[PDB]
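J.: Pasting coords16.cif here (mmCIF, C-alpha atoms):
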data_final
#
loop_
_atom_site.label_atom_id
_atom_site.label_comp_id
_atom_site.auth_asym_id
_atom_site.auth_seq_id
_atom_site.Cartn_x
_atom_site.Cartn_y
_atom_site.Cartn_z
CA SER A 1 9.44 6.63 -16.74
CA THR A 2 7.78 3.27 -16.23
CA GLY A 3 8.32 0.08 -14.25
CA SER A 4 7.19 -3.52 -14.71
CA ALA A 5 7.61 -6.35 -12.21
CA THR A 6 6.34 -9.89 -11.97
CA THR A 7 4.31 -10.80 -8.91
CA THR A 8 4.23 -14.44 -7.77
CA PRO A 9 1.85 -16.33 -5.45
CA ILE A 10 3.52 -17.33 -2.18
CA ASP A 11 1.82 -20.72 -2.09
CA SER A 12 -0.53 -23.06 -3.91
CA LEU A 13 -3.62 -21.20 -2.64
CA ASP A 14 -2.63 -17.68 -3.79
CA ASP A 15 -2.74 -16.57 -0.14
CA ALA A 16 -0.66 -13.54 -1.15
CA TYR A 17 1.70 -12.36 -3.88
CA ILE A 18 5.32 -11.27 -3.65
CA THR A 19 7.13 -8.88 -5.94
CA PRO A 20 10.91 -8.34 -5.93
CA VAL A 21 12.03 -4.85 -4.86
CA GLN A 22 15.56 -3.44 -4.98
CA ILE A 23 16.49 -1.40 -1.90
CA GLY A 24 19.73 0.49 -1.35
CA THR A 25 23.15 0.66 -2.92
CA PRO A 26 24.30 -1.91 -3.85
CA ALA A 27 20.84 -3.32 -4.34
CA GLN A 28 19.35 -5.53 -1.65
CA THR A 29 16.47 -7.42 -3.22
CA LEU A 30 13.53 -8.18 -0.94
CA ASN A 31 10.26 -9.86 -1.88
CA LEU A 32 7.45 -7.55 -0.79
CA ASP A 33 3.68 -7.91 -0.58
CA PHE A 34 2.28 -5.03 -2.66
CA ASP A 35 -0.74 -3.87 -0.69
CA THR A 36 -3.26 -1.39 -2.14
CA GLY A 37 -4.95 -1.42 1.27
CA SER A 38 -2.12 0.22 3.25
CA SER A 39 0.46 2.91 2.79
CA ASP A 40 3.67 1.86 4.54
CA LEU A 41 6.71 0.32 2.86
CA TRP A 42 8.21 -1.74 5.65
CA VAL A 43 10.83 -4.47 5.67
CA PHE A 44 12.37 -7.15 7.81
CA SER A 45 15.78 -5.76 8.66
CA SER A 46 19.00 -6.08 10.60
CA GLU A 47 17.12 -4.27 13.39
CA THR A 48 14.32 -6.84 13.66
CA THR A 49 14.19 -8.74 16.95
CA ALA A 50 16.18 -11.85 16.11
CA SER A 51 13.60 -14.28 17.53
CA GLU A 52 10.99 -12.75 15.19
CA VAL A 53 12.95 -13.49 12.02
CA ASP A 54 12.48 -16.97 10.50
CA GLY A 55 13.79 -17.29 6.95
CA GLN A 56 13.00 -13.83 5.61
CA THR A 57 15.54 -11.81 3.67
CA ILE A 58 16.49 -8.71 5.64
CA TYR A 59 17.40 -5.16 4.66
CA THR A 60 20.64 -4.03 6.29
CA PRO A 61 20.81 -0.23 6.09
CA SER A 62 24.43 -0.11 7.28
CA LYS A 63 25.45 -1.90 4.06
CA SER A 64 23.70 0.66 1.83
CA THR A 65 25.72 3.72 0.91
CA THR A 66 22.52 5.61 0.10
CA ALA A 67 20.66 4.80 3.35
CA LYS A 68 20.08 7.68 5.77
CA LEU A 69 18.32 7.40 9.12
CA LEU A 70 15.23 9.58 9.21
CA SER A 71 15.99 11.02 12.60
CA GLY A 72 13.24 10.74 15.17
CA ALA A 73 10.82 8.90 12.89
CA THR A 74 8.97 5.82 14.05
CA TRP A 75 6.11 3.76 12.66
CA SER A 76 3.58 1.26 13.93
CA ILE A 77 0.83 -0.46 12.00
CA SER A 78 -1.99 -2.89 12.64
CA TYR A 79 -3.71 -4.70 9.79
CA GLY A 80 -7.25 -5.98 9.31
CA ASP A 81 -6.18 -9.53 10.10
CA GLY A 82 -4.81 -8.52 13.51
CA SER A 83 -1.16 -8.67 12.53
CA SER A 84 1.20 -5.78 13.25
CA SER A 85 4.71 -4.40 13.00
CA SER A 86 6.69 -1.34 14.09
CA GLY A 87 10.12 0.22 13.99
CA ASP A 88 12.16 3.17 12.78
CA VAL A 89 12.75 4.73 9.37
CA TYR A 90 15.46 5.17 6.77
CA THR A 91 15.36 6.90 3.44
CA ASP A 92 16.99 5.01 0.57
CA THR A 93 16.79 4.29 -3.13
CA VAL A 94 14.00 1.86 -4.03
CA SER A 95 13.44 0.36 -7.47
CA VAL A 96 10.55 -1.75 -8.73
CA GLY A 97 10.79 -3.35 -12.14
CA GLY A 98 13.22 -0.70 -13.43
CA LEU A 99 11.45 2.30 -11.89
CA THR A 100 13.59 4.09 -9.32
CA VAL A 101 12.64 6.41 -6.46
CA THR A 102 15.34 8.17 -4.49
CA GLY A 103 14.65 9.22 -0.91
CA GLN A 104 11.90 6.66 -0.37
CA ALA A 105 10.92 6.06 3.24
CA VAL A 106 11.90 2.49 4.07
CA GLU A 107 10.39 1.51 7.40
CA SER A 108 12.69 -0.86 9.23
CA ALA A 109 10.94 -3.34 11.50
CA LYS A 110 12.14 -3.66 15.07
CA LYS A 111 9.11 -5.82 15.90
CA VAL A 112 6.74 -7.96 13.85
CA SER A 113 3.80 -10.09 14.97
CA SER A 114 3.83 -13.86 14.81
CA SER A 115 1.98 -14.15 11.49
CA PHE A 116 4.76 -12.22 9.75
CA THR A 117 7.49 -14.29 11.42
CA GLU A 118 5.70 -17.48 10.43
CA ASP A 119 5.55 -16.45 6.79
CA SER A 120 9.08 -16.99 5.46
CA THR A 121 8.18 -15.88 1.94
CA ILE A 122 7.20 -12.27 2.73
CA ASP A 123 10.09 -9.90 3.49
CA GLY A 124 7.82 -6.90 4.04
CA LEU A 125 5.00 -4.82 2.56
CA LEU A 126 4.87 -2.09 -0.06
CA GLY A 127 1.78 0.03 0.51
CA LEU A 128 -0.08 1.44 -2.47
CA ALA A 129 -3.13 3.06 -0.84
CA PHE A 130 -3.16 6.82 -0.30
CA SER A 131 -0.33 8.44 1.63
CA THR A 132 -2.77 9.88 4.18
CA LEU A 133 -2.79 6.37 5.77
CA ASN A 134 0.98 6.27 6.22
CA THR A 135 1.86 5.65 9.87
CA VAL A 136 5.24 7.37 10.14
CA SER A 137 5.41 9.85 13.00
CA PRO A 138 5.95 12.72 13.52
CA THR A 139 6.35 13.39 9.80
CA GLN A 140 4.07 11.30 7.60
CA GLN A 141 5.77 9.77 4.58
CA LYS A 142 4.72 9.19 0.98
CA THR A 143 4.17 5.83 -0.74
CA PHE A 144 6.43 4.57 -3.50
CA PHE A 145 3.69 5.36 -6.01
CA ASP A 146 3.16 8.88 -4.67
CA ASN A 147 6.91 9.55 -4.90
CA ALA A 148 7.16 8.09 -8.42
CA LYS A 149 4.02 9.73 -9.78
CA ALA A 150 5.40 12.93 -11.27
CA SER A 151 8.11 11.01 -13.15
CA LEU A 152 5.73 8.42 -14.56
CA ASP A 153 4.60 8.59 -18.18
CA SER A 154 1.03 8.37 -16.85
CA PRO A 155 0.13 8.61 -13.13
CA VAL A 156 -1.15 5.05 -12.86
CA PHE A 157 -0.26 1.59 -11.77
CA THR A 158 -1.93 -1.67 -12.75
CA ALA A 159 -2.45 -4.97 -10.98
CA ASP A 160 -2.71 -8.13 -13.07
CA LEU A 161 -2.73 -10.95 -10.53
CA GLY A 162 -2.60 -14.55 -11.64
CA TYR A 163 -4.72 -17.50 -10.62
CA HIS A 164 -2.25 -20.11 -9.42
CA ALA A 165 0.28 -18.33 -11.64
CA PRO A 166 2.52 -15.27 -11.82
CA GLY A 167 1.21 -11.87 -12.83
CA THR A 168 2.39 -8.31 -13.19
CA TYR A 169 2.45 -4.92 -11.51
CA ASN A 170 3.07 -2.11 -13.98
CA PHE A 171 3.79 1.53 -13.16
CA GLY A 172 3.28 4.44 -15.48
CA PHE A 173 1.53 2.74 -18.40
CA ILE A 174 -1.40 0.55 -19.36
CA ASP A 175 -0.46 -2.67 -21.20
CA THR A 176 -3.20 -2.87 -23.81
CA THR A 177 -2.21 -6.48 -24.61
CA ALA A 178 -2.93 -7.65 -21.05
CA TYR A 179 -6.74 -7.54 -21.09
CA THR A 180 -9.68 -8.29 -23.34
CA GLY A 181 -12.38 -5.86 -24.39
CA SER A 182 -12.48 -2.43 -22.77
CA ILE A 183 -11.49 -1.05 -19.39
CA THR A 184 -14.47 0.29 -17.45
CA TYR A 185 -13.58 3.12 -15.12
CA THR A 186 -15.45 3.88 -11.93
CA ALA A 187 -15.28 6.65 -9.31
CA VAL A 188 -13.04 6.46 -6.25
CA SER A 189 -13.48 8.02 -2.84
CA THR A 190 -10.23 8.75 -1.04
CA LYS A 191 -11.99 9.90 2.16
CA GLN A 192 -10.84 6.80 4.09
CA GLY A 193 -7.43 6.63 2.42
CA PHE A 194 -8.36 3.55 0.35
CA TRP A 195 -9.11 2.81 -3.29
CA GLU A 196 -12.79 2.85 -2.37
CA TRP A 197 -15.43 2.40 -5.05
CA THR A 198 -19.01 1.19 -5.53
CA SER A 199 -19.81 -1.99 -7.39
CA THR A 200 -23.15 -1.96 -9.20
CA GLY A 201 -24.22 -5.46 -8.20
CA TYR A 202 -23.65 -9.17 -8.45
CA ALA A 203 -24.74 -12.50 -9.85
CA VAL A 204 -24.24 -16.06 -8.61
CA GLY A 205 -23.38 -18.60 -11.29
CA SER A 206 -25.75 -18.36 -14.25
CA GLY A 207 -28.26 -16.48 -12.09
CA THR A 208 -29.78 -13.12 -12.88
CA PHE A 209 -27.82 -10.00 -12.02
CA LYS A 210 -28.91 -8.13 -8.90
CA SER A 211 -28.49 -4.37 -9.23
CA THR A 212 -27.36 -3.06 -5.87
CA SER A 213 -24.65 -0.67 -4.74
CA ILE A 214 -21.77 -2.31 -2.88
CA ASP A 215 -19.22 0.12 -1.46
CA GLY A 216 -15.84 -1.53 -1.04
CA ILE A 217 -12.07 -1.26 -1.37
CA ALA A 218 -9.77 -2.68 -4.00
CA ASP A 219 -7.20 -4.40 -1.78
CA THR A 220 -4.37 -6.47 -3.23
CA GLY A 221 -3.16 -7.21 0.31
CA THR A 222 -6.30 -9.12 1.31
CA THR A 223 -6.65 -12.71 0.10
CA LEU A 224 -10.41 -13.14 -0.05
CA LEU A 225 -13.55 -11.36 -1.20
CA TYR A 226 -15.51 -9.91 1.72
CA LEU A 227 -19.05 -8.80 0.95
CA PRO A 228 -22.30 -8.11 2.82
CA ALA A 229 -23.87 -11.07 4.61
CA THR A 230 -26.92 -11.02 2.30
CA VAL A 231 -24.72 -11.39 -0.79
CA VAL A 232 -22.53 -14.07 0.72
CA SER A 233 -25.51 -16.09 1.94
CA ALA A 234 -27.01 -15.95 -1.57
CA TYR A 235 -23.74 -17.30 -2.99
CA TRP A 236 -23.23 -20.18 -0.57
CA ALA A 237 -26.89 -21.21 -0.76
CA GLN A 238 -26.04 -22.48 -4.26
CA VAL A 239 -23.42 -24.91 -2.93
CA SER A 240 -24.85 -28.11 -1.48
CA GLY A 241 -23.62 -28.65 2.05
CA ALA A 242 -22.05 -25.20 2.45
CA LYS A 243 -22.43 -23.57 5.83
CA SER A 244 -21.01 -20.84 8.02
CA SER A 245 -18.86 -22.34 10.76
CA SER A 246 -18.13 -20.17 13.78
CA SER A 247 -15.45 -22.64 14.88
CA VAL A 248 -13.60 -22.37 11.57
CA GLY A 249 -14.30 -18.66 11.13
CA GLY A 250 -16.42 -18.48 8.00
CA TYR A 251 -18.16 -20.36 5.22
CA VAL A 252 -16.91 -23.87 4.49
CA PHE A 253 -18.11 -26.29 1.84
CA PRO A 254 -17.66 -29.95 0.94
CA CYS A 255 -14.43 -30.38 -0.96
CA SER A 256 -16.39 -32.58 -3.40
CA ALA A 257 -18.44 -29.56 -4.55
CA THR A 258 -18.23 -27.74 -7.85
CA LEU A 259 -18.39 -24.04 -7.03
CA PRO A 260 -20.45 -21.58 -9.08
CA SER A 261 -18.88 -18.44 -10.49
CA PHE A 262 -19.51 -15.04 -8.92
CA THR A 263 -20.01 -11.93 -11.03
CA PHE A 264 -19.55 -8.36 -9.79
CA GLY A 265 -20.59 -5.15 -11.53
CA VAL A 266 -18.32 -2.31 -12.54
CA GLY A 267 -20.67 0.29 -13.94
CA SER A 268 -22.48 -1.48 -16.77
CA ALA A 269 -19.62 -4.00 -17.15
CA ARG A 270 -19.28 -7.37 -15.42
CA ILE A 271 -16.29 -9.22 -14.00
CA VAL A 272 -16.71 -12.97 -13.64
CA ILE A 273 -14.81 -14.81 -10.91
CA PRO A 274 -14.66 -18.50 -11.91
CA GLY A 275 -15.81 -20.94 -9.25
CA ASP A 276 -12.35 -22.47 -8.88
CA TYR A 277 -10.98 -19.08 -7.70
CA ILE A 278 -13.32 -19.35 -4.70
CA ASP A 279 -11.81 -22.66 -3.47
CA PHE A 280 -9.21 -22.24 -0.68
CA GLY A 281 -8.86 -25.92 0.01
CA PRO A 282 -9.10 -28.09 3.08
CA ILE A 283 -9.54 -26.28 6.40
CA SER A 284 -6.80 -28.51 7.79
CA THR A 285 -4.56 -31.07 6.09
CA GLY A 286 -6.59 -34.09 5.01
CA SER A 287 -9.98 -32.57 5.78
CA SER A 288 -12.88 -32.91 3.36
CA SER A 289 -14.21 -29.53 4.49
CA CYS A 290 -12.89 -26.71 2.30
CA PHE A 291 -12.65 -22.99 3.05
CA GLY A 292 -14.60 -20.54 0.93
CA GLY A 293 -13.09 -17.59 -0.89
CA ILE A 294 -16.15 -15.37 -0.46
CA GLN A 295 -16.82 -14.42 3.14
CA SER A 296 -18.99 -11.98 5.06
CA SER A 297 -17.70 -8.48 5.74
CA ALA A 298 -20.10 -8.09 8.67
CA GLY A 299 -18.03 -6.81 11.57
CA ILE A 300 -15.07 -5.81 9.36
CA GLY A 301 -16.88 -2.54 8.79
CA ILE A 302 -16.01 -2.41 5.11
CA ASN A 303 -16.42 -4.61 2.04
CA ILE A 304 -13.11 -5.78 0.55
CA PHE A 305 -12.45 -6.70 -3.06
CA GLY A 306 -9.37 -8.74 -2.29
CA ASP A 307 -7.28 -11.01 -4.48
CA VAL A 308 -10.13 -13.46 -5.19
CA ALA A 309 -11.91 -10.63 -7.04
CA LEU A 310 -8.95 -8.67 -8.35
CA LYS A 311 -7.21 -11.66 -9.94
CA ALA A 312 -10.25 -12.13 -12.22
CA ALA A 313 -9.50 -8.71 -13.72
CA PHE A 314 -6.93 -6.35 -15.11
CA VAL A 315 -7.15 -3.46 -12.64
CA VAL A 316 -6.06 0.13 -13.20
CA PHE A 317 -5.27 2.28 -10.18
CA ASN A 318 -5.47 5.75 -11.71
CA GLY A 319 -3.75 8.30 -9.46
CA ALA A 320 -4.69 11.35 -11.51
CA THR A 321 -5.79 14.48 -9.63
CA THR A 322 -9.19 12.84 -9.36
CA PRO A 323 -8.41 9.16 -8.85
CA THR A 324 -10.43 6.40 -10.50
CA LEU A 325 -10.34 2.60 -10.77
CA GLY A 326 -10.56 0.67 -14.01
CA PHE A 327 -11.48 -2.97 -14.50
CA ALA A 328 -11.21 -5.15 -17.57
CA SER A 329 -11.72 -8.84 -18.17
CA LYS A 330 -8.66 -10.79 -19.27
#
Represent the structure from my file as structure tokens, please.

T.:
Amino acid sequence: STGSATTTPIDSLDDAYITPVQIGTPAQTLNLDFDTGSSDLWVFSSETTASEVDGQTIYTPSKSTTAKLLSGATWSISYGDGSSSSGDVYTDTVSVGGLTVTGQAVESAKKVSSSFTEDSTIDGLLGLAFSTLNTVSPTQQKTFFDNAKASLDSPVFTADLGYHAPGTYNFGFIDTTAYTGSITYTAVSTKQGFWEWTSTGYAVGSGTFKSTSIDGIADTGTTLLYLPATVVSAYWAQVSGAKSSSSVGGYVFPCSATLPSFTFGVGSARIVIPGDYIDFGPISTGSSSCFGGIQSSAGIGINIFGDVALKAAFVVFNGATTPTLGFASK
């Protein structure tokens, strides 16, 4: 089997992407944030504290004939941005772009943190990291991808995120019309539960390529590109007036600037992030100070190839017995 679904930016900055997901019988369609950096499929629901729901579409298990409470199971997650959610668990039928999993764990939120409430466009998350990170207790649950894997034509999914435009998540096949040149594959470590890999270096604008190993995660659920302070400083030094602002919480730059591109290495191949992808606009409405899309990972504890990086590529998440990541230009 295969699936194919369009993923759409939630706003004009590509802060995140939502993909429609059918849950239950009859289908309840929720727009979920596909997140290769976590492993829980959780939704706003009829059980969510009413004051914590503000415009989201909810899953109502009692209206699904295929929903079954997973007795005794609870979940609770905290994300890298300090947001969180928790609740109980149902199993139900879940379909993405024509690909159906029966008995998928659907984690129903009883509580969500303010950032989730405040984002009306995101009805929940669909985790696509490794199932070892799943938070369901006392019986850990599998991701949608893990459950689908054996039925898929090929045990892969691909992320093709758009810049200020829709893109695609595919399951079970590689669309050879969706990228240019070749896909370069690189090794993955699953030791931390992430799609963790090592970039071979970077360049800033038309500058020479610096060969250096950068260990990081491919994370569709993180907006920006977080890299070591040395790398980030080298980037922003090429933007007149750019500076790190503790009050704002990262590098800002004059909105009048033209940003240089940023290149990252995948083996001997190179992915170029155009400068415009690195512009996240005014820090506040009407400001002439703009927020940068490349930020320091110092104090995160890990480098993160988030949407800024991934949207410059066609990315293969290969879930074969030995997982790998593939990147192509597009």

J.: Tell me which residues the PyMOL selection byres ((chain A and resi 325) around 7) grabs here, as JSON, numbers by chain.

T.: {"A": [185, 186, 187, 188, 316, 317, 318, 324, 326, 327]}

J.: The selected residues should be written to file as an mmCIF file, in the frame of the given file (atoms: C-alpha atoms).

T.:
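Output saved as part_7.cif:
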data_model
loop_
_atom_site.group_PDB
_atom_site.id
_atom_site.type_symbol
_atom_site.label_atom_id
_atom_site.label_comp_id
_atom_site.auth_asym_id
_atom_site.auth_seq_id
_atom_site.Cartn_x
_atom_site.Cartn_y
_atom_site.Cartn_z
ATOM 1 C CA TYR A 185 -13.580 3.120 -15.120
ATOM 2 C CA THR A 186 -15.450 3.880 -11.930
ATOM 3 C CA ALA A 187 -15.280 6.650 -9.310
ATOM 4 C CA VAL A 188 -13.040 6.460 -6.250
ATOM 5 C CA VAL A 316 -6.060 0.130 -13.200
ATOM 6 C CA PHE A 317 -5.270 2.280 -10.180
ATOM 7 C CA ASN A 318 -5.470 5.750 -11.710
ATOM 8 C CA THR A 324 -10.430 6.400 -10.500
ATOM 9 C CA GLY A 326 -10.560 0.670 -14.010
ATOM 10 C CA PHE A 327 -11.480 -2.970 -14.500
#

J.: Mind telling me what the PyMOL selection byres ((chain A and resi 300) around 12) catches here, as a count of residues only?

T.: 18

J.: The PyMOL selection byres ((chain A and resi 152-161) around 6) on the file shown: which residues, as number ranges by chain?

T.: A: 1-2, 149-151, 162, 167-173, 311, 314-320

J.: May I have the residues within 8 Å of residue 179 in chain A as number ranges by chain, using only C-alpha atoms and disregarding those fewer than 3 positions away in the same chain?

T.: A: 175-176, 182, 313-314, 328-330

J.: Any chance you could export the current selection's C-alpha atoms as a PDB file, in the frame of the given file?

T.:
ATOM      1  CA  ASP A 175      -0.460  -2.670 -21.200  1.00  0.00           C
ATOM      2  CA  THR A 176      -3.200  -2.870 -23.810  1.00  0.00           C
ATOM      3  CA  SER A 182     -12.480  -2.430 -22.770  1.00  0.00           C
ATOM      4  CA  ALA A 313      -9.500  -8.710 -13.720  1.00  0.00           C
ATOM      5  CA  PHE A 314      -6.930  -6.350 -15.110  1.00  0.00           C
ATOM      6  CA  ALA A 328     -11.210  -5.150 -17.570  1.00  0.00           C
ATOM      7  CA  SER A 329     -11.720  -8.840 -18.170  1.00  0.00           C
ATOM      8  CA  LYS A 330      -8.660 -10.790 -19.270  1.00  0.00           C
TER       9      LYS A 330
END

J.: Rank nothing, just name the residue among A:13, A:252, A:165, A:129 nearest to residue 196 in chain A, using all atoms listed in the file.

T.: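 Smallest distance to residue 196 in chain A is found for A:129.
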
J.: A:78, A:263, A:258, A:95: which is nearest residue 210 in chain A, counting only C-alpha atoms?

T.: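 That would be A:263, the residue with the smallest distance to residue 210 in chain A.
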
J.: Of the candidates A:19, A:261, A:268, A:100, which one gets nearest to residue 184 in chain A if we count all atoms listed in the file?

T.: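 Smallest distance to residue 184 in chain A is found for A:268.
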
J.: Compare A:133, A:5, A:259, A:183 by their minimum atom-to-atom distance to residue 276 in chain A, counting all atoms listed in the file, and give me the closest one.

T.: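 Of A:133, A:5, A:259, A:183, the one nearest residue 276 in chain A, counting all atoms listed in the file, is A:259.
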
J.: Quick one: everything within 8 Å of residue 102 in chain A, counting only C-alpha atoms, minus sequence neighbours fewer than 3 positions away in the same chain. Send it as a count of residues only.

T.: 3

J.: Between A:32, A:23, A:125, A:309, which has the minimum distance to residue 199 in chain A (counting all atoms listed in the file)?

T.: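 Nearest to residue 199 in chain A: A:309.
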
J.: From the options A:103, A:292, A:3, A:127, which residue's atoms come nearest to residue 147 in chain A, counting only C-alpha atoms?

T.: A:103
